[PDB]
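Okay, here we've got a single chain as structure tokens, the form solved without coenzyme A (COA), with questions on binding and movement later.
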């Protein structure tokens, strides 16, 4: 069910008249790399993004493999045809019909409700298919924006994982939210 977006035949999940998710493709690496440079300062404070463009290319290629194999998913949020952020399943547990969600949005597109609409469209898409029923978000207790997205979208705080993630020199507590659909 691919669909044309330039010479490129993409997998898309509709979101609204102006928003849609497109599966990351190699063609997205240059623009995605630039988006990452622009927001690098705060992305580095989060678990949502691991230097050069070749490094980005590597990351994208690895995720495309996982995406195609159903081990995870990597979608790019496009707003009116312009790349605005990333939304993914960091991991999928097919037997448990469970998935962990990761996400981030370029600073310029923030505050328009884009992430919630994108998130909602992603979960509805996989939940209708009956493929995923348990959606999980794990984020630093101290990442205000990531926690807000979870709280805006019917996720229940299941517990706080003590010093669960190593980032920039320290171990950080991380909240675990879930929603069953």
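Positions refer to the first chain, counted from 1. Superpose the two forms; the largest set of C-alphas matching within 1.5 Å is the rigid core.
What follows is about the form deposited with coenzyme A (COA) bound, which we do not show.
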{"item": "Partner-contacting position among 134, 38, 152, 57 - heavy atom within 4.5 Å of coenzyme A (COA) in the entry with it bound", "value": "152"}
{"item": "Heavy atom within 4.5 Å of coenzyme A (COA) in the entry with it bound - residue from 127, 114, 121, 66", "value": "114"}
{"item": "Touches coenzyme A (COA) in the entry with it bound: residue 29 (any heavy atom, 4.5 Å)", "value": "no"}
{"item": "4.5 Å heavy atom contact, residue 104 to coenzyme A (COA) in the entry with it bound", "value": "yes"}
{"item": "Coenzyme A (COA) contact at residue 138 in the entry with it bound, heavy atom, 4.5 Å", "value": "yes"}
{"item": "Residue 17 C-alpha relocation of at least 2 Å between this form and the one not shown, rigid core basis", "value": "no"}
{"item": "Is_shifted residue 124 between this form and the one not shown (CA, 2 Å cut-off, rigid core)", "value": "no"}
{"item": "C-alpha of residue 153 off by 2 Å or more between this form and the one not shown on rigid core", "value": "no"}
